[PDB]
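> Dropping a structure here in structure tokens format, bear with me for questions.
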Amino acid sequence: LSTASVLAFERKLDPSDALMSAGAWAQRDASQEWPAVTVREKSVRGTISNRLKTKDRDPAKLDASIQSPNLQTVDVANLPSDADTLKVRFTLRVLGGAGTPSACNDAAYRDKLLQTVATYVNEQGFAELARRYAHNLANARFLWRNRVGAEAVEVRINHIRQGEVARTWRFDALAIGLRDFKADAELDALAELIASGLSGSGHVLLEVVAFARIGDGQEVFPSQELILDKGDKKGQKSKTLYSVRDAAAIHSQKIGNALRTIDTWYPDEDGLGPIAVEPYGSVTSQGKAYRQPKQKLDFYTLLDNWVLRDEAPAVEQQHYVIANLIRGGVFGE
Amino acid sequence: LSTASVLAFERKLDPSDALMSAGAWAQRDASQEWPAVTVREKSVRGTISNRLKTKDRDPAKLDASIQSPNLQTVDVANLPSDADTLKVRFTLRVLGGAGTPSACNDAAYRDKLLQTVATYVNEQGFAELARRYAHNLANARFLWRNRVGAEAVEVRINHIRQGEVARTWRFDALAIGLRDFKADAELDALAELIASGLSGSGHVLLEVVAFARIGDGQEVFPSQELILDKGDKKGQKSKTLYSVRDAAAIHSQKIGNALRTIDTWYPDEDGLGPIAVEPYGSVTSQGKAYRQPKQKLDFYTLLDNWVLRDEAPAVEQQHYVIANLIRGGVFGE
Amino acid sequence: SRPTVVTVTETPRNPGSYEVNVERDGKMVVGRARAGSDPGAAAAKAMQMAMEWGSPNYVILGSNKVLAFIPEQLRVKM
Amino acid sequence: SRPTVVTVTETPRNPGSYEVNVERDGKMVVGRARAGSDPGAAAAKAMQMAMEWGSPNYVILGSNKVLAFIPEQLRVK
Amino acid sequence: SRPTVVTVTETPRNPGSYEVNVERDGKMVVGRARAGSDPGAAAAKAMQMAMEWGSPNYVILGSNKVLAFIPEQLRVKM
Amino acid sequence: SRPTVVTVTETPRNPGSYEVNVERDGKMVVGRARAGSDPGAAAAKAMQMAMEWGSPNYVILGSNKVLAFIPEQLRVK
Amino acid sequence: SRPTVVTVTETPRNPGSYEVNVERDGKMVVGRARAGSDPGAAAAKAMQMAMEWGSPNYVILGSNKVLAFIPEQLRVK
């Protein structure tokens, strides 16, 4: 019995792109028609303030001198001068059936994996993971740089049936911190609603709206675009922002990363905070990587031990592995 | 008597490439000018999350490929942010004349095979196969991953005779499941209309439309393309979606494969569900192969024993053999 | 490459929005400036970038939906 | 370039305001002059800059929100 | 193998749509990027990829319906 | 044969249309694929099939109408 | 004996055009297939027939104008 050469899992917790609008506080209860924010270009004249990595007297100077200015073009998104609140809206869908893979080259490895996942769910439900996901939804982790200097944040979650909304939750996102995972009353109901859809006993579609009060006229920060066709000419634009149909937006995978960061069980000191659930546990913007494959702490070592050699790890590592196959990906040798 | 060396049957149940469009529920009756779903292209930034190869590479030097991102490009499809219904539309022909081969080699074998098919179609009309094909049309099986998270799937099937519609059928695709085959008067009507064209008594051309309700701005799943002259150097896209002239679409062989899943008679079934009718009936997406030639329930052994040796099998294996003759293909020697 | 070259290309990251690139003489003077959100604004931005930045010759390139608003083979070349 | 060209482009440094360029016989006569803060004033200024600065063969270019306030026969002379 | 090579090719799996490839200094900088559904968008994308990539010299290859939009050999090679 | 060989031939059953074959280390990875219906698209398809699958070196063969679109320093590498 | 033999001759009934002959297992597998009107097209057709009818091994013979387009490494296998 070995692990298959082709094995792949789908994605649960499927979000959409968030849309941004601007308005005034205390009109949050009637914010169905607020105008969007727009990305605008601007040209700036600045100084040359960077490390002169060439020589002092360079014959073929790869930069310019300090006594001359440099003129650049950048994108920027702002609030209007009368509006002091930013609204961010997206939708979420919880699918269920997190054990069965899509493709599987092997026959015995698949039903062994199904028996392992089935005895996990029969031992304990999807309660801890849904509680962590409800916490990451409750405090607006997804707003990113728009959450930092905010005066007040509010989150509204709607459960949408065939027609209208059937259940409403309202949270104050600044009391619920980004560090601790505490308990509440409405948060347990939201966690049970997420757990029912994660197990497979229902259809769960949520609508999430977030209001942030950052002062009027200030700057908002949409998702910045990565372009792999643009290249290597003096005269380009340095900053391009993401927008869908003349309206600033945030990518869907960025909100997926913001909802997925529940991992507080990595090898090092996890008192500093949680990171995102992924194989080899890496935060690249900080330049580090927790859960390295030196020890038996990464995803593949735990998974292969648990399935092939029946060695059940600790319950937190079981939570990590089950969240890592809720996430999805290509796991083949 | 011996089987021919050239035998070439033609396929009945001819499908077409189904095109995708987007809109809103409670406007399906005027859904003839809904805009298409376009295949977008986006660049993403993620982490290294595959199994590292530490056979003879750098064991501790170049294995800091983690803590550095990787930037990729992918095709993706999406609904607009104001649309919450996917619409998939294709056509279907039923042809008739399923026992005769289109290109034979022998003389006495063909005249024996025609009488062998004729005694079956005399003692049993095309009732069971038409019933199961009507069942596979009634539940929207041809929406593969677009049926998983849906809350409402609705199928409309028209019988188009001389341009304009003569008889319509409407079905709720979630009540008719995927496991068992139960009765309905509308299903009996569709089964007899399919059996008319399967015997050869009339001309059957149907138009099938399916609406799925998934939510606002969610992700839809067209067919991913196989490219056999792509080259293996670097910098490729690695996910290319299939579209027909600026409109995302689904392959026709996939819809035919969904329609063919009627085989509920094979060796080790304990109620798991039907598979597609193939010779040596196998699911390569799971790695399993039912109907191996070791057990005598193979298609070729059953056909040889039925024609050459006058060994009439059970009625369910007769259904399987006739379903394989309706499917088509190249047999001989 | 003597005449000023003006190109209008559609971004595939979101459909229906265009960009314009100008090159006068061996150097790029405008790189990926927002054209618009419809073919009409892209044609207007192309003719504006060809009016200025232009020697006695120029050339405009674009798709077959944007080049319908420009008069047929009259204002496209010089 | 014998017909006089009149183009109306939205300034991307602030969204919602327009500017018109007018060229006649090889050289430009109006470069980046202000129009209104709405497509109605922009279309009206485009019509006014089409009356002057070319009596035969004007071309009026602009967005679909700007070229919807004038009739279809008044866009190309 | 000194200049940047830009190739535009029609997809045979559906007729009418094009894809562009860009190679500079023996390294494939752009592989099978969508150009468009008409020859004009293909020509605009090819001239944009020749302007941005390949600063000293370039060669543009493509079909004869696509190269009819570029001026004849004046701007195709450099 | 060490380098990659890209051959563009013309179909004699339908003149004007071309086809491309790629060799790639002694076992053909592309067989009789549809190139264009003119020498320019055949040259573009040949250079695409030389860009991929030609990682160390390559050789491009073909007619004189096809190879008149590629400079003489880009056919062999 | 062991490899296929591909021969590219020039048709003497009109100078400038070529023909290809493919010989496998001591018998003629392909005879007098036309190979274009220039030495480049003859080289392309010769290498195509060598790839397809090549099997394990092959040798390419023929005119000296034709073999000037194929490097000397790519004439045997």
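By order in the structure tokens, chains are A, B, ...; within a chain, residues start at 1; ligands start at 1, following the order shown.
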Put chain F on top of chain G with a least-squares fit on all C-alpha atoms, paired in order, and send it back as an mmCIF file with C-alpha atoms, in the first residue's frame.

```cif
data_model
loop_
_atom_site.group_PDB
_atom_site.id
_atom_site.type_symbol
_atom_site.label_atom_id
_atom_site.label_comp_id
_atom_site.auth_asym_id
_atom_site.auth_seq_id
_atom_site.Cartn_x
_atom_site.Cartn_y
_atom_site.Cartn_z
ATOM 1 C CA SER F 1 19.806 -3.724 -45.506
ATOM 2 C CA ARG F 2 18.786 -3.014 -41.900
ATOM 3 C CA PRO F 3 18.349 0.817 -41.613
ATOM 4 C CA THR F 4 16.019 3.003 -43.632
ATOM 5 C CA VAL F 5 17.409 4.722 -46.734
ATOM 6 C CA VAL F 6 15.934 8.035 -47.891
ATOM 7 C CA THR F 7 17.204 9.155 -51.300
ATOM 8 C CA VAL F 8 16.434 12.558 -52.817
ATOM 9 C CA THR F 9 17.065 12.709 -56.558
ATOM 10 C CA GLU F 10 16.466 15.419 -59.143
ATOM 11 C CA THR F 11 14.220 14.888 -62.151
ATOM 12 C CA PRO F 12 16.310 15.275 -65.343
ATOM 13 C CA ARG F 13 13.200 15.809 -67.494
ATOM 14 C CA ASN F 14 12.424 18.999 -65.536
ATOM 15 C CA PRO F 15 15.437 20.515 -63.777
ATOM 16 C CA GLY F 16 14.964 22.087 -60.371
ATOM 17 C CA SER F 17 12.273 19.672 -59.169
ATOM 18 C CA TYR F 18 13.074 16.817 -56.795
ATOM 19 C CA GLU F 19 11.725 13.393 -55.832
ATOM 20 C CA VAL F 20 12.121 11.189 -52.762
ATOM 21 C CA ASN F 21 12.337 7.414 -52.271
ATOM 22 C CA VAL F 22 12.234 5.481 -48.984
ATOM 23 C CA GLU F 23 13.655 1.961 -48.636
ATOM 24 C CA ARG F 24 12.351 0.593 -45.275
ATOM 25 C CA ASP F 25 13.682 -2.964 -44.841
ATOM 26 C CA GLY F 26 14.239 -4.219 -48.371
ATOM 27 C CA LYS F 27 10.880 -3.283 -49.919
ATOM 28 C CA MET F 28 10.196 0.302 -50.979
ATOM 29 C CA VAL F 29 7.317 1.975 -49.149
ATOM 30 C CA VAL F 30 7.498 5.260 -51.116
ATOM 31 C CA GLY F 31 8.175 5.438 -54.833
ATOM 32 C CA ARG F 32 9.014 8.679 -56.684
ATOM 33 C CA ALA F 33 6.905 10.919 -54.467
ATOM 34 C CA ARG F 34 6.810 14.630 -55.238
ATOM 35 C CA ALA F 35 9.283 16.541 -53.095
ATOM 36 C CA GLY F 36 9.633 20.292 -53.477
ATOM 37 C CA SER F 37 10.757 22.488 -56.349
ATOM 38 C CA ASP F 38 13.823 23.748 -54.440
ATOM 39 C CA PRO F 39 16.485 22.201 -52.148
ATOM 40 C CA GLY F 40 14.875 23.477 -48.936
ATOM 41 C CA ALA F 41 11.558 21.692 -49.408
ATOM 42 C CA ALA F 42 13.423 18.578 -50.554
ATOM 43 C CA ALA F 43 15.402 18.679 -47.295
ATOM 44 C CA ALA F 44 12.184 19.142 -45.300
ATOM 45 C CA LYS F 45 10.500 16.222 -47.090
ATOM 46 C CA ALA F 46 13.585 14.040 -46.563
ATOM 47 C CA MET F 47 13.670 14.797 -42.838
ATOM 48 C CA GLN F 48 9.931 14.085 -42.578
ATOM 49 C CA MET F 49 10.367 10.730 -44.323
ATOM 50 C CA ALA F 50 13.307 10.006 -42.008
ATOM 51 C CA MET F 51 11.319 10.891 -38.863
ATOM 52 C CA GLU F 52 8.634 8.385 -39.775
ATOM 53 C CA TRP F 53 9.732 4.931 -41.046
ATOM 54 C CA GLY F 54 13.173 5.313 -39.464
ATOM 55 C CA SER F 55 12.455 3.988 -35.997
ATOM 56 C CA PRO F 56 15.814 2.368 -35.026
ATOM 57 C CA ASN F 57 18.157 4.139 -37.474
ATOM 58 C CA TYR F 58 18.281 5.786 -40.905
ATOM 59 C CA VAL F 59 20.593 7.199 -43.617
ATOM 60 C CA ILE F 60 19.751 10.284 -45.721
ATOM 61 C CA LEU F 61 21.303 10.634 -49.181
ATOM 62 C CA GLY F 62 21.028 13.458 -51.671
ATOM 63 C CA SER F 63 22.785 16.339 -53.364
ATOM 64 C CA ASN F 64 25.017 18.971 -51.776
ATOM 65 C CA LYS F 65 22.457 21.748 -52.196
ATOM 66 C CA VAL F 66 19.908 19.540 -50.430
ATOM 67 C CA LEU F 67 22.142 18.338 -47.588
ATOM 68 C CA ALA F 68 23.429 21.871 -46.890
ATOM 69 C CA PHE F 69 20.235 22.494 -44.896
ATOM 70 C CA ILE F 70 20.746 19.526 -42.547
ATOM 71 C CA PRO F 71 23.687 19.553 -40.097
ATOM 72 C CA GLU F 72 26.204 16.743 -40.445
ATOM 73 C CA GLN F 73 25.115 15.038 -37.202
ATOM 74 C CA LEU F 74 21.484 14.665 -38.351
ATOM 75 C CA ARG F 75 21.966 12.912 -41.713
ATOM 76 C CA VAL F 76 23.069 9.522 -40.357
ATOM 77 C CA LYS F 77 21.685 7.843 -37.261
#
```
> Name the residues in contact with residue 64 of chain C at a cut-off of 12 Å, using only C-alpha atoms, excluding same-chain residues fewer than 5 positions from it; report them as a count of residues only.
19
> Here's a check: after a least-squares fit over all in-order C-alpha atoms, write chain C in the frame of chain E, as a compact mmCIF listing (two decimals) with N, CA, C and O atoms, in the first residue's frame.

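Heads up, here's the output in part_0.txt:
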```txt
# COMPACT_ATOMS: atom_id res chain seq x y z
N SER C 1 20.97 33.76 -31.22
CA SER C 1 19.62 34.32 -31.29
C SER C 1 19.52 35.59 -30.45
O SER C 1 18.97 35.57 -29.35
N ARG C 2 20.04 36.69 -30.99
CA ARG C 2 20.10 37.96 -30.26
C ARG C 2 18.79 38.77 -30.20
O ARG C 2 18.44 39.19 -29.09
N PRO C 3 18.05 39.05 -31.29
CA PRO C 3 16.88 39.92 -31.13
C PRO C 3 15.70 39.21 -30.48
O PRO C 3 15.59 37.98 -30.52
N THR C 4 14.84 40.00 -29.85
CA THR C 4 13.63 39.47 -29.23
C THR C 4 12.66 39.01 -30.30
O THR C 4 12.28 39.78 -31.18
N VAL C 5 12.25 37.74 -30.23
CA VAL C 5 11.39 37.13 -31.23
C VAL C 5 9.96 37.10 -30.71
O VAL C 5 9.70 36.60 -29.61
N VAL C 6 9.03 37.64 -31.49
CA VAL C 6 7.61 37.66 -31.17
C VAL C 6 6.86 36.95 -32.28
O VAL C 6 6.96 37.34 -33.45
N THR C 7 6.11 35.90 -31.92
CA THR C 7 5.32 35.13 -32.88
C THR C 7 3.84 35.17 -32.51
O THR C 7 3.48 35.19 -31.33
N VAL C 8 2.99 35.18 -33.53
CA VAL C 8 1.53 35.19 -33.37
C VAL C 8 0.96 34.03 -34.17
O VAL C 8 0.99 34.05 -35.41
N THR C 9 0.40 33.03 -33.48
CA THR C 9 -0.12 31.83 -34.12
C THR C 9 -1.60 31.65 -33.81
O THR C 9 -2.06 31.99 -32.72
N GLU C 10 -2.33 31.10 -34.77
CA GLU C 10 -3.77 30.87 -34.63
C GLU C 10 -4.01 29.48 -34.06
O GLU C 10 -3.42 28.50 -34.52
N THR C 11 -4.88 29.40 -33.06
CA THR C 11 -5.21 28.11 -32.45
C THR C 11 -6.14 27.33 -33.36
O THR C 11 -7.17 27.87 -33.79
N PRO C 12 -5.82 26.08 -33.71
CA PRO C 12 -6.74 25.29 -34.53
C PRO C 12 -7.87 24.62 -33.76
O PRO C 12 -8.73 23.99 -34.39
N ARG C 13 -7.90 24.72 -32.43
CA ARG C 13 -9.01 24.14 -31.68
C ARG C 13 -10.29 24.95 -31.82
O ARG C 13 -11.38 24.38 -31.70
N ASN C 14 -10.19 26.25 -32.06
CA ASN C 14 -11.31 27.04 -32.55
C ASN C 14 -10.74 28.13 -33.45
O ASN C 14 -9.79 28.83 -33.07
N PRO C 15 -11.22 28.25 -34.68
CA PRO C 15 -10.60 29.18 -35.63
C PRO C 15 -10.99 30.62 -35.36
O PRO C 15 -12.07 30.92 -34.86
N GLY C 16 -10.08 31.52 -35.72
CA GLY C 16 -10.31 32.93 -35.54
C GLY C 16 -9.82 33.51 -34.24
O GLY C 16 -10.14 34.66 -33.93
N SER C 17 -9.06 32.75 -33.45
CA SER C 17 -8.49 33.23 -32.20
C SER C 17 -7.00 32.95 -32.20
O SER C 17 -6.56 31.88 -32.64
N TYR C 18 -6.22 33.90 -31.69
CA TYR C 18 -4.77 33.89 -31.84
C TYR C 18 -4.09 33.88 -30.47
O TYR C 18 -4.73 34.06 -29.43
N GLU C 19 -2.78 33.66 -30.50
CA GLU C 19 -1.93 33.61 -29.31
C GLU C 19 -0.57 34.19 -29.67
O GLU C 19 -0.17 34.15 -30.84
N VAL C 20 0.14 34.71 -28.67
CA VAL C 20 1.41 35.38 -28.89
C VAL C 20 2.47 34.79 -27.96
O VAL C 20 2.18 34.46 -26.80
N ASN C 21 3.68 34.60 -28.49
CA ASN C 21 4.83 34.08 -27.75
C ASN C 21 6.03 35.00 -27.93
O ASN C 21 6.36 35.38 -29.06
N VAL C 22 6.68 35.34 -26.82
CA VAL C 22 7.83 36.25 -26.80
C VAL C 22 9.04 35.50 -26.25
O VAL C 22 8.92 34.74 -25.29
N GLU C 23 10.20 35.72 -26.86
CA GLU C 23 11.46 35.17 -26.36
C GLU C 23 12.53 36.25 -26.47
O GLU C 23 12.86 36.68 -27.58
N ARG C 24 13.07 36.68 -25.33
CA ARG C 24 14.03 37.78 -25.35
C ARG C 24 15.44 37.30 -25.65
O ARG C 24 16.02 37.65 -26.69
N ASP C 25 16.02 36.50 -24.76
CA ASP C 25 17.40 36.05 -24.95
C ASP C 25 17.53 34.66 -24.33
O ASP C 25 17.83 34.53 -23.14
N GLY C 26 17.30 33.64 -25.14
CA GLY C 26 17.44 32.26 -24.71
C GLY C 26 16.42 31.75 -23.70
O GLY C 26 16.51 30.60 -23.28
N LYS C 27 15.46 32.58 -23.31
CA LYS C 27 14.44 32.18 -22.36
C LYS C 27 13.10 32.76 -22.78
O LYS C 27 13.03 33.86 -23.32
N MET C 28 12.04 32.00 -22.52
CA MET C 28 10.69 32.39 -22.90
C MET C 28 10.08 33.25 -21.80
O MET C 28 9.97 32.81 -20.66
N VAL C 29 9.70 34.47 -22.15
CA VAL C 29 9.16 35.41 -21.17
C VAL C 29 7.64 35.46 -21.18
O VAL C 29 7.04 35.78 -20.15
N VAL C 30 7.00 35.17 -22.31
CA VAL C 30 5.55 35.14 -22.43
C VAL C 30 5.18 33.89 -23.22
O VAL C 30 5.64 33.71 -24.35
N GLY C 31 4.35 33.03 -22.63
CA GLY C 31 3.93 31.83 -23.33
C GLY C 31 2.44 31.68 -23.51
O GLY C 31 1.72 31.46 -22.52
N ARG C 32 2.00 31.74 -24.76
CA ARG C 32 0.62 31.58 -25.14
C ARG C 32 -0.32 32.48 -24.37
O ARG C 32 -1.13 32.02 -23.57
N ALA C 33 -0.21 33.78 -24.62
CA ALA C 33 -1.08 34.76 -24.00
C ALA C 33 -2.14 35.04 -25.04
O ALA C 33 -1.85 35.08 -26.23
N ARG C 34 -3.38 35.21 -24.60
CA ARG C 34 -4.47 35.47 -25.53
C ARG C 34 -4.30 36.76 -26.33
O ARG C 34 -4.34 37.84 -25.77
N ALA C 35 -4.11 36.62 -27.64
CA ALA C 35 -3.99 37.77 -28.53
C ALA C 35 -5.34 38.44 -28.77
O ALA C 35 -5.53 39.61 -28.43
N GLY C 36 -6.28 37.71 -29.35
CA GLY C 36 -7.59 38.29 -29.58
C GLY C 36 -8.49 37.35 -30.35
O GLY C 36 -8.25 36.14 -30.40
N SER C 37 -9.53 37.92 -30.96
CA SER C 37 -10.52 37.15 -31.71
C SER C 37 -10.65 37.63 -33.14
O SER C 37 -11.63 37.30 -33.82
N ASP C 38 -9.68 38.41 -33.62
CA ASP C 38 -9.66 38.94 -34.98
C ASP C 38 -8.22 39.29 -35.31
O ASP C 38 -7.38 39.35 -34.40
N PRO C 39 -7.87 39.47 -36.59
CA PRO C 39 -6.47 39.83 -36.92
C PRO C 39 -6.01 41.16 -36.37
O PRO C 39 -4.80 41.33 -36.12
N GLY C 40 -6.92 42.11 -36.14
CA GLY C 40 -6.52 43.42 -35.66
C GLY C 40 -6.00 43.40 -34.24
O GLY C 40 -4.99 44.03 -33.93
N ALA C 41 -6.67 42.65 -33.35
CA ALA C 41 -6.21 42.53 -31.98
C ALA C 41 -4.91 41.74 -31.89
O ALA C 41 -4.08 42.03 -31.02
N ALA C 42 -4.70 40.78 -32.79
CA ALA C 42 -3.45 40.04 -32.81
C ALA C 42 -2.29 40.92 -33.26
O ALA C 42 -1.19 40.85 -32.69
N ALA C 43 -2.51 41.77 -34.27
CA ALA C 43 -1.48 42.72 -34.69
C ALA C 43 -1.18 43.75 -33.60
O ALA C 43 -0.02 44.11 -33.38
N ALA C 44 -2.22 44.22 -32.91
CA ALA C 44 -2.02 45.17 -31.82
C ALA C 44 -1.26 44.54 -30.66
O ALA C 44 -0.38 45.18 -30.07
N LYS C 45 -1.56 43.27 -30.35
CA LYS C 45 -0.86 42.59 -29.26
C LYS C 45 0.59 42.30 -29.63
O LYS C 45 1.48 42.36 -28.77
N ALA C 46 0.86 42.02 -30.91
CA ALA C 46 2.23 41.81 -31.36
C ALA C 46 3.05 43.09 -31.27
O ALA C 46 4.20 43.07 -30.81
N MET C 47 2.47 44.22 -31.69
CA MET C 47 3.20 45.48 -31.59
C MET C 47 3.37 45.91 -30.13
O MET C 47 4.38 46.54 -29.79
N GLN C 48 2.42 45.57 -29.27
CA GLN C 48 2.58 45.88 -27.85
C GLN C 48 3.67 45.03 -27.21
O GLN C 48 4.45 45.53 -26.39
N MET C 49 3.75 43.75 -27.57
CA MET C 49 4.80 42.89 -27.03
C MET C 49 6.16 43.18 -27.65
O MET C 49 7.17 42.72 -27.11
N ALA C 50 6.21 43.87 -28.79
CA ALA C 50 7.48 44.29 -29.36
C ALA C 50 7.93 45.66 -28.87
O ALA C 50 9.14 45.94 -28.87
N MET C 51 6.99 46.52 -28.47
CA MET C 51 7.33 47.83 -27.91
C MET C 51 8.11 47.68 -26.61
O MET C 51 9.25 48.15 -26.49
N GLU C 52 7.51 47.04 -25.61
CA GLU C 52 8.26 46.54 -24.47
C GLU C 52 8.91 45.22 -24.85
O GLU C 52 8.81 44.76 -25.99
N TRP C 53 9.65 44.63 -23.90
CA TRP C 53 10.43 43.39 -24.07
C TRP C 53 11.48 43.47 -25.17
O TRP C 53 12.02 42.44 -25.59
N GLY C 54 11.79 44.67 -25.63
CA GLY C 54 12.61 44.84 -26.80
C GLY C 54 13.91 45.55 -26.51
O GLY C 54 13.95 46.60 -25.87
N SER C 55 14.98 44.97 -27.01
CA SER C 55 16.29 45.58 -27.16
C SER C 55 16.23 46.50 -28.38
O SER C 55 15.16 46.62 -29.00
N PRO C 56 17.32 47.18 -28.78
CA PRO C 56 17.32 47.84 -30.10
C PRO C 56 17.04 46.99 -31.35
O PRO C 56 17.03 47.55 -32.45
N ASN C 57 16.83 45.68 -31.22
CA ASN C 57 16.37 44.84 -32.32
C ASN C 57 15.15 44.03 -31.86
O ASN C 57 14.99 43.76 -30.68
N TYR C 58 14.31 43.66 -32.83
CA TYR C 58 13.24 42.68 -32.63
C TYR C 58 12.82 42.12 -33.98
O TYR C 58 13.29 42.57 -35.03
N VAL C 59 11.92 41.14 -33.94
CA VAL C 59 11.38 40.50 -35.14
C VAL C 59 9.96 40.00 -34.83
O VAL C 59 9.71 39.46 -33.75
N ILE C 60 9.03 40.26 -35.74
CA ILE C 60 7.63 39.87 -35.59
C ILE C 60 7.28 38.89 -36.70
O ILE C 60 7.57 39.14 -37.87
N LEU C 61 6.66 37.77 -36.33
CA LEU C 61 6.23 36.75 -37.27
C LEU C 61 4.74 36.49 -37.11
O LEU C 61 4.22 36.48 -35.99
N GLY C 62 4.05 36.30 -38.23
CA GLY C 62 2.62 36.05 -38.19
C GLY C 62 2.13 35.65 -39.56
O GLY C 62 2.91 35.56 -40.52
N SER C 63 0.83 35.40 -39.65
CA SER C 63 0.22 34.98 -40.90
C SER C 63 0.07 36.17 -41.85
O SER C 63 0.36 37.32 -41.50
N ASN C 64 -0.39 35.90 -43.06
CA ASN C 64 -0.54 36.93 -44.08
C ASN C 64 -1.86 37.69 -43.97
O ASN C 64 -2.16 38.51 -44.83
N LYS C 65 -2.67 37.41 -42.94
CA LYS C 65 -3.82 38.23 -42.61
C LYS C 65 -3.56 39.16 -41.44
O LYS C 65 -4.20 40.21 -41.34
N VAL C 66 -2.64 38.79 -40.55
CA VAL C 66 -2.26 39.61 -39.41
C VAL C 66 -1.19 40.61 -39.79
O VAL C 66 -1.26 41.78 -39.41
N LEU C 67 -0.22 40.19 -40.59
CA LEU C 67 0.85 41.06 -41.06
C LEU C 67 0.40 42.04 -42.13
O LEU C 67 1.27 42.74 -42.66
N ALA C 68 -0.87 42.13 -42.51
CA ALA C 68 -1.33 43.22 -43.36
C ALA C 68 -1.59 44.49 -42.57
O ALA C 68 -1.41 45.59 -43.11
N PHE C 69 -2.01 44.37 -41.31
CA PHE C 69 -2.26 45.54 -40.48
C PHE C 69 -0.98 46.22 -40.02
O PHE C 69 -0.99 47.43 -39.76
N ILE C 70 0.11 45.48 -39.89
CA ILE C 70 1.41 46.07 -39.59
C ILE C 70 1.93 46.76 -40.86
O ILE C 70 1.72 46.22 -41.95
N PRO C 71 2.50 47.97 -40.76
CA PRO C 71 3.02 48.65 -41.95
C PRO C 71 4.09 47.85 -42.67
O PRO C 71 4.94 47.20 -42.06
N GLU C 72 4.02 47.90 -44.01
CA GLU C 72 4.72 46.98 -44.89
C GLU C 72 6.24 47.10 -44.81
O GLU C 72 6.81 48.08 -45.31
N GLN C 73 6.87 46.10 -44.19
CA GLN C 73 8.31 45.95 -44.04
C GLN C 73 8.99 47.17 -43.43
O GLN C 73 10.13 47.49 -43.77
N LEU C 74 8.30 47.87 -42.53
CA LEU C 74 8.86 49.03 -41.85
C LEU C 74 8.93 48.83 -40.34
O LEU C 74 9.99 49.05 -39.74
N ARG C 75 7.83 48.42 -39.72
CA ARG C 75 7.78 48.18 -38.29
C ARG C 75 7.90 46.70 -37.93
O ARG C 75 7.70 46.33 -36.77
N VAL C 76 8.22 45.85 -38.91
CA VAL C 76 8.31 44.41 -38.66
C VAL C 76 9.70 44.00 -38.19
O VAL C 76 9.82 43.03 -37.43
N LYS C 77 10.74 44.73 -38.57
CA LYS C 77 12.10 44.37 -38.21
C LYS C 77 12.80 45.55 -37.55
O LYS C 77 12.38 46.70 -37.70
N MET C 78 13.87 45.24 -36.83
CA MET C 78 14.73 46.25 -36.23
C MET C 78 16.10 45.66 -35.95
O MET C 78 16.60 44.83 -36.72
```
> Kindly determine which residues of chain B lie within 10 Å of chain A, considering only C-alpha atoms, and give the answer as a PyMOL selection string.
chain B and resi 25+42-53+64+66-69+71-73+78-81+145+148-152+213-219+235+284-289
> At a cut-off of 9 Å, list the chain B residues touching chain E, using only C-alpha atoms, as an NGL selection string.
:B and (41 or 233-237 or 242-246)
> Based on DSSP run over this structure's backbone, return all residues of segment 132-299 of chain A in helix (DSSP H, G or I), as a PyMOL selection string.
chain A and resi 132-138+141-147+186-199+252-260+299
